[PDB]
Amino acid sequence: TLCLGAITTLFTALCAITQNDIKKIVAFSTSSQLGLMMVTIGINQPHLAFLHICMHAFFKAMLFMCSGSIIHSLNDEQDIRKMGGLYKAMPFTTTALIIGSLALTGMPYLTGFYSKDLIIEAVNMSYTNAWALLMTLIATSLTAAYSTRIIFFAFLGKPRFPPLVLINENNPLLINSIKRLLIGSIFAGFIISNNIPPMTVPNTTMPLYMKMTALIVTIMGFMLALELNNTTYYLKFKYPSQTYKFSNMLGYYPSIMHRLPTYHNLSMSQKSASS
Amino acid sequence: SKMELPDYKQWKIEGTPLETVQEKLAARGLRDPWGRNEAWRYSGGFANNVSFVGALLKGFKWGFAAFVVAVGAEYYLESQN
Amino acid sequence: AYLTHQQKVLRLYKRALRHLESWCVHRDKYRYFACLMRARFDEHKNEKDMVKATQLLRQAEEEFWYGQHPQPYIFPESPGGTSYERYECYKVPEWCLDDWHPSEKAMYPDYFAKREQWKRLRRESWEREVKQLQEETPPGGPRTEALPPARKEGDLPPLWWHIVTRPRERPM
Amino acid sequence: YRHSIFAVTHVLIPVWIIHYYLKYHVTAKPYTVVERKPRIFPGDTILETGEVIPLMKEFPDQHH
Amino acid sequence: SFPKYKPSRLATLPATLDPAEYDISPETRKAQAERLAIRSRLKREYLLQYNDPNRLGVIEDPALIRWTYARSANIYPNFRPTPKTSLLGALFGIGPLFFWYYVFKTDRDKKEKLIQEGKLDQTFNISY
Amino acid sequence: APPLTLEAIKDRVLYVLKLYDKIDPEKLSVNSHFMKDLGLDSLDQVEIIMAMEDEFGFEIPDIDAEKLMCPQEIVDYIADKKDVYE
Amino acid sequence: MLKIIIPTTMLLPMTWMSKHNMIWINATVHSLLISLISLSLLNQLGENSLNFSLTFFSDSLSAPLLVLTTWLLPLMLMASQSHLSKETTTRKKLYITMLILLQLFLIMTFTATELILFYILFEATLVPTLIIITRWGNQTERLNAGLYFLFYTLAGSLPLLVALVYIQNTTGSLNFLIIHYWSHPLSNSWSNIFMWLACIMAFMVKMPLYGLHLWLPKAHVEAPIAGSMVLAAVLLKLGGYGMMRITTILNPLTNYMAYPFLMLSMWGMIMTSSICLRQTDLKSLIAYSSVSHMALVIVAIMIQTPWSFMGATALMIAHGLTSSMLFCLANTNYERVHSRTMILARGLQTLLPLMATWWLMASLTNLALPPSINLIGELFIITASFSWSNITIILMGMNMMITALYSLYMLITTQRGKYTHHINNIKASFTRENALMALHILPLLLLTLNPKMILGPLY
Amino acid sequence: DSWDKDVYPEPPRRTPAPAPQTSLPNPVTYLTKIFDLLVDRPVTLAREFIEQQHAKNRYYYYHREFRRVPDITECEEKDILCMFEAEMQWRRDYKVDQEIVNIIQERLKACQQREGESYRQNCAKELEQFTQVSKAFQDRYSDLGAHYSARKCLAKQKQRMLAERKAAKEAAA
Amino acid sequence: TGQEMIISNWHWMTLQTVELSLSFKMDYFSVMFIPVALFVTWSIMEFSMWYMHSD
Amino acid sequence: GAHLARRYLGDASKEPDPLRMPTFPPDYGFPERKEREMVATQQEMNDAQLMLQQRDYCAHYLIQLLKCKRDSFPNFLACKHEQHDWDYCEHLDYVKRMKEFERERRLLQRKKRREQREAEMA
Amino acid sequence: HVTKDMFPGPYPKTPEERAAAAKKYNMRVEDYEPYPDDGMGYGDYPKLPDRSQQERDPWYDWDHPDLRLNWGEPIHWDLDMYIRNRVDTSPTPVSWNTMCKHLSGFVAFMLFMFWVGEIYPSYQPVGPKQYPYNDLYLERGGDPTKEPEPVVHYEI
Amino acid sequence: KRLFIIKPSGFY
Ligand SMILES: CCCCCCCCCCCCCCCCCC(=O)O[C@@H](COC(=O)CCCCCCCCCCCCCCC)COP(=O)(O)OC[C@H](O)CO
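Criteria and cut-off values
- Residues numbered from 1 in each chain as written, not as in the entry; some residues may be left out.
- Chains lettered and ligands numbered in written order.
- Part of a larger assembly, values for the part shown.
- Heavy atoms only, no water.
- Pairing = 2+ DSSP bridges.
- Helix = DSSP H or I, 4+ residues; strand = E, 2+ residues; numbered from the N terminus.
- Axes fitted to C-alpha atoms, helices over the stretch in contact; angles between N-to-C directions.
- Parallel < 35°, antiparallel > 145°, perpendicular 65-115°, else oblique.
- Left-handed = near helix turned anticlockwise from the far one by under 90°.
- Contact = heavy atoms within 4.5 Å.
- Nonpolar A, V, L, I, M, F, W, Y, C, P; charged D, E, K, R; others polar.
- Near = heavy atom within 4 Å.
- Polar contact = N/O pair within 3.5 Å; in protein donor to acceptor, adjacent residues only side chain to side chain.
- Areas by Shrake-Rupley, 256 points an atom, 1.4 Å probe, with all protein chains shown as cover.
- Buried area = accessible area lost by both parts, 1.4 Å probe.
- Salt bridge = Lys/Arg side-chain N within 4 Å of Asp/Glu carboxyl O.
- Buried < 20%, exposed > 50% of the residue type's maximum accessible area, 1.4 Å probe, protein only.
- Disulfide = S-S within 2.5 Å.

Enquirer: Explanation requested: the pairing of strand β1 (residues 5–8) of chain I in the structure shown.
Expert: In summary, the side chains of a regular strand alternate between the two faces of the sheet. One ladder, built from 3 bridges, connects strand β1 (residues 33–35) of chain D with β1 of chain I; its direction is antiparallel. Looking at β1 of chain I, one finds that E35 of chain D is bridged to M5 of chain I. With 3 bridges joining them, β1 of chain I and strand β2 (residues 23–25) of chain I adopt antiparallel strand pairing. Paired with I7 of chain I across the strands is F24 of chain I, a residue of β2 of chain I.

What follows is the structure, given as structure tokens:
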């Protein structure tokens, strides 16, 4: 489980940051989060894994629902390379995403804090797979990576959608539903963490420089990803990097493993078997 | 309604970052044919975007304003208790 | 029948910029690199020798293949787009309406009566349109898939019912 | 009212038949509804005998 | 120059990269000219039946009927027993059956051997 | 969304055409077969239809694009493709 | 049992004596009434069969199977008056006569106490099924199918005949009771092996077992709809029923002389389900699905395990109900388009909204979705087989994966997708087709609440 | 109570006394108080109404008693009538024996939820009691076969006393 | 109070020694998840009215 | 950790192996030691339904914790000093674990460098 | 409608029968190609290049737009691998050999480093989790009659 | 503006 949780946490996250579709971006964020759940249940931390279930339920639902708001309002367009400049166009939608994005990535005392860095802290001072620990840290930084990609490309910057604007979110159904989940993403982290009885032994006395790595790697990842994202703002040309080809193609898994085994099994059934 | 269509003259190359494109190919020798069409994206109320960090600290001012009053009240009642 | 050299290179032009959308993203970058693409396409106009043009496009296609974006920006209302054939499980064909029930039929009398008008027109136009088709049909079977239009007055163009009465792209 | 008749015909009646089922039909069979033992702590008192589990004895008395 | 795009039976070669379409020989001038001729013949007939008011049933597709017949009974009247088919039949036939017998018989023999000497925990295993 | 019709289409069509710098504002006519009236090389119609596309947000097939050459023609093609019946 | 056989026999004059157009009504209503009397036998006593007389007896094994046949009888009758209505009065009257002669033999077969009396009616089901397939079959190949069907099962049944008469002269009696109580250990002598082969092969052919299974894709593809279901829904189970009954004297020779059949079946299910992953014909697709599910029962029976037996009968009846239903699905679409090809008629959910549902939970039941008794049958066999050997799951588990891919595949291709442009003769579905579908779905899911009435004597 | 604690042992419910020290009201207590007068009381009122209706006419039923008959170790070989009597008796004891392990299993699972996280230690007596039942059930009916019968159960037994008698001989050495 | 309980109910079958019955085990994982899933799906249901409005 | 750097990338006879230790006798190194005592009996954590992991010596600073949570319902804001005492107990039990870890490492220095002291000459 | 002779037949041996089959399959003799008869029984059915329906130009209008076939056009012997939803032979932007090399390399690299991570595990410079009551033998599942072996925890 | 919608007859 430590092995599977780590590889799912990074590989899907690695294939995430190179995509240009919010539904694909947020989905890969789930699978990376789902990979994170398998890490904590691995090293004898089942309850805190279930805590991560509840917190992930809150903010991740908003992200898709918030992404649902922008997709429909801007005439069912999902490509992130075309929306542009949604910050002041949709205040509440932009407001919901940044609170959701920060909760998913860190921001102590928010919803993600009562689950994520506790898991990262718990997996740090434990007899785990040394390689698997390295994947969790990198993927934790990669968690901020695609989070910047969504905020930078969609909301920040100059707009790119078709000239006829249809931006609107004033419908009370959209506003009330977001707000109901929003207040959950602010306080539900503190509530159940202070309410449920302590079901795990705590980790109190560790050196300061891995107690903070959860914040460090996210803040660190926030830095270059912003710099690398505004490197697109740089007028100079961008080379078609090979590693970018690997990540943007979903890690090469679908183009082969959905095409090599299906063909053989289907071919076997006709040439052999049937005939 | 009728969706009255905005007039044409409000979109030129000036002011927009597309200025910096113009002298580039002018030095190259050609001229940009679609410059005026994309002016609206970089102009009007659609201009003056917010920096990445600027979006993150949205509500900091009044949020920090709600802090000082809250901490000041709780500091007063606890210390006087 | 045959995409000539000019047709193919324009197709190269259109696809090259569409892929460059996914690369440049920002509009200011677009208007620059598109102009270079345009300028460097204008330079080889006096190439004269058509053989060179094939050689001029020989490295072009693979160069596009070199720099092709793995996730090109394809448009939602288009093949490969997200909203492709999505709004299709509701466009039930017109002929299904004939199998309706009189209680259902009586609900919409005016439209049904007007549909019967279109029904008769198709019946009356069929013999003329099939006759028109064979009277100027090419020898040795139809050579080009394009159909003849309506030549004289009154007669409707042949093979029109399904094209005209096709379900709307947004049936709902 | 539309909230009221929703409550009665979707919560009040359904909770009535479920409770009746859980109180006089299914609980009438042994080991059908089993719950965790009432978690008591040293120091409090219990109901069915009125006995006191003893107070936690003298703590080594540390502080932070 | 980047490495070229080698083709595969599962990753086909695109039309844009195929050398054959580059040189449009006068022989190929007519070779791809009857494509529309035969297609229009099939086309014009198809719309004529499809648009026909008198038509009420379905239009039979001889290619579809031929495909069903080819992928069916019309296989053994074309089956010639040869070493390729003979070996293919045995390899995908008796082959896996005997291999499955070997793995199961070996495991079952080992399974009952442990029970014979009482070297397996079935103390709670009562339902069977 | 309020569906588009001809006066919407025609105004938006001549909108982007006018915004094109080389097109002369007074030369803009719905019936103008481009190069024979407004000097436009064959490499230019294939790129202005993208502006025509982005105006309405639906892809214009190259088979139809090469036939599409007049401002009236674009208006007619856009309306029928988007089931515009007025 | 004369409370069932006698009304069934007396129904034969009932149809022939009926008027011109009243044959369908009277036959349907009384056959449904016969079904109701059949349900009177579902109560099986504690550990004894409901022995009525020396001629007939019933236990928890035949109790669900009997009522399945009686319940079936209206369903073929409800599925026949579409293509049969364009025929003379006599031929329609004859058709009803055959199915009633069919069920009468089936009723007598399941209730027979004597293995010979079991044997006589067990082959006798060939005669009505053969003529039904040949006479009213709507195809050309059916003539070859009748020969293929008749000889294949007979080629195994004839060696069975010599086996029973040998038992009668050697052991003594041959009824189902004395055999069980006077059962003696079968030796390992090579003669005993051949008797084991004779006593078994006849039942495997009718299941069928992989290899000896080519008579289903012939018979089922171009059999008449009414004859297709019964041959699919019970006649396969008829071979199954004898498997439990006759494996009371074949012990302990079953342990060693079963490996070739287990290997043929546990590999055949993967191969036959791999057939189903690609079929040009919908009816052939369903027929091969029946091979895979029946191959599960062969594995189930041959292990000879308590849990295995209850799963066998549960799957046996459950498969019959859903396999018959799916055949009705094929008949409806084939009736509208007058063809059997997969891709010809597609996107039928848009045209026919309710049939989209009927084909939907038909696929789910075929998929052994829990708690549908298809699951409670398959899952039991996995547990029994896994106890027999830990590697059984690798194959038999992979079946549920392969079974899913093809099951939805026919749902994807036919119901979902885009409507066929040229097809325009598909009218709204008549209430007869919709009702007939419900007569299958409702008892299936209704019976899910009480599997104890399907788990057989070993329950 | 309908059932009995002798065969369904229930350890005494060590319920606590709620003694909270906090100013704000405890919501749980009052949320059940409304439940009493909104769900519990109407349920009881209807239940006592139907119970008195049941008490108006009380028809009875009993449990069938099967007197013992000689089993298959007394049955003369091939004596079908006697063998049939024994086989039915053995199957009666088979099903009631299946209910014996079912009762133990229900009691086994009852401790696990009742003791919470202290299950591993509180009822180690319960685990061994089921273990002894499971072991005896293994020697009793396991591995008989699908067509099990009292003759086969004798055969499995006759394997066992033969095995242990040899073991006793080997113990003597 | 911190009590976790099991609601066993209607007996599906007495499967010899197995007693498969419809039984709703509940513990902290249940009682915590139930409001969270319901809260999210109720909010999604409210949103689904807005998004999926023309279907 | 420094031990991780010096175990695989450095020597192998100095860095502790968490799987193996304690490798040295407890009373050795320092004459007489105190005994780790639990203030409660075996009954307390059983009746308190304490989970297996949370049955350390630190449980005495946890048994009253759950009672305080129950005795102050809902009031999620209290039981902080009690939690503070529990966390401080985790400090003591944890710091005890590195103290023995440095003990064995120092005792592992005690092992080799002395063994090599009477090895090159005697 | 169609008559019996139009049904597929045997291998076209002479070129004349090759032409007849090509006419029967609504193609020409140039593009007609029977399957290589290794005894597999393909008959005269014309083999066609491996082209999934995804390969077919979507913008062209087909008689069967869902699967991209026109009426009468002789469809592939292997249509059901190559339908829109089944196996697709679309040209990936990068070579299949490179496609496979990076996939196998990353998986192998991930697995290999996972093993070496297990070989040298990560842990803090901390020791055993000291547990009272002779390592809680009683509540771990131990038997009360068998008294626990001497286990005790000390202090420094 | 309201307009006719084609739908397969559900009356049956
Ligand atoms: C299509 C081919 C058949 C398909 C597969 C069918 C099943 C395979 C086996 C078929 C066996 C058929 C004959 C079995 C008759 C009953 C068996 C029986 O009662 O067991 C006897 C088995 O004894 C036999 O010899 C039975 C026949 C053995 C096989 C030889 C003949 C059968 C095979 C050839 C004919 C059938 C195949 C068709 C050929 C066209 C025991 O008697 P015994 O030999 O102990 O008698 C006492 C003493 O020793 C003297 O007999």
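Enquirer: Looking at this structure, I do not really get the packing of helix α5 (residues 94–116) of chain E against helix α13 (residues 259–276) of chain G. What am I missing?
Expert: Packed helix pairs are specified by the crossing angle of their axes together with the interaxial distance, meaning the distance between the axes. For the pair α5 of chain E and α13 of chain G, the least separation of the axes is 9 Å and the interaxial angle reads 120 degrees. For the element pair α5 of chain E / α13 of chain G, the angle class is oblique. Crossing of α5 of chain E against α13 of chain G: the hand is right-handed. Along the contact surface, α5 of chain E presents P96, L97, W100, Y101, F104, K105 and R108 of chain E, while α13 of chain G presents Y259, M263, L264, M266 and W267 of chain G. Of the residues assigned to the contact of α5 of chain E with α13 of chain G, the class counts are 10 nonpolar, no polar and 2 charged.

Enquirer: Is there a simple way to explain the site of the ligand in this structure?
Expert: Residues and elements named next belong to chain G. In the neighbourhood of the ligand, the contacting residues comprise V162, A163, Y166, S191, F194, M195, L197 and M201. Here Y166 contributes a side-chain N or O atom positioned 3.1 Å from an oxygen atom of the ligand. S191 is positioned with one of its side-chain polar atoms (N or O) 3.1 Å from an oxygen atom of the ligand. For the ligand, the accessible surface in isolation is 1000 Å², of which the surrounding protein chains cover 42%. For the shell around the ligand, the secondary structure elements donating two or more residues are α7 (142–170) and α9 (190–205). Looking at the shell around the ligand residue by residue, the class counts come to 7 nonpolar, 1 polar and no charged.

Enquirer: What is the right way to look at the interface of chain D and chain J in this model?
Expert: When the parts of a complex come together, some accessible area is lost, and that lost area is often taken as the interface size. With 17 residues of chain D in contact, the opposing surface of chain J contributes 18 residues. With both sides pooled, the region where chain D packs onto chain J buries about 1700 Å², and carbon together with sulfur makes up 61% of that total. If you sort the residues of chain D by the area they bury against chain J, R39, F41 and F59 of chain D come out on top, with a joint share of 35%. At the junction of chain D with chain J, the criterion picks out 1 salt bridge. Measuring nitrogen to oxygen at the nearest pair gives 3.4 Å for the salt bridge that ties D44 of chain D to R70 of chain J. Classifying every residue of the side of chain D that touches chain J by side-chain character gives 6 nonpolar, 4 polar and 7 charged.

Enquirer: Could you clarify how one ought to interpret the environment of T14 of chain K in this entry?
Expert: All names here are of chain K. Positionally, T14 belongs in the segment before α1 (15–24). Of the residues examined, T14 reaches a relative accessible area of 32% and is grouped as partly exposed. Of the polar contacts made by the side chain of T14, one reaches the side chain of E16; its length is 2.5 Å.

Enquirer: How should the side chain of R81 of chain A be read in this particular structure?
Expert: The topology assignment puts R81 of chain A in the loop between α3 (46–73) and α4 (91–105). At a separation of 2.6 Å, a polar atom in the side chain of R81 of chain A contacts the side chain of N20 of chain A. From its side chain, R81 of chain A meets the backbone oxygen of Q71 of chain C in a polar contact 2.3 Å long. What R81 of chain A contacts, discounting residues up to four positions off in sequence, is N20 and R160 of chain A together with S22, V25, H69, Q71, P72 and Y73 of chain C.

Enquirer: Before we go on, may I ask you to explain the state of the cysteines in this structure?
Expert: Each disulfide consists of a covalent bond between the sulfur atoms of two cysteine residues. Residues and elements named next belong to chain H. For the coordinates displayed, the defined rule picks out 1 disulfide over all chains. Here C111 engages in a disulfide with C123; their sulfurs sit 2.0 Å apart. One quick way to see it: the torsion about the S-S bond of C111 and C123 is about -95 degrees, and its sign makes the bridge left-handed. With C111 in helix α2 (residues 80–114) and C123 in the loop between α3 (119–122) and α4 (124–140), this pair connects stretches of sequence that are 12 residues apart. There is no split in this pair, since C111 and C123 are both buried.

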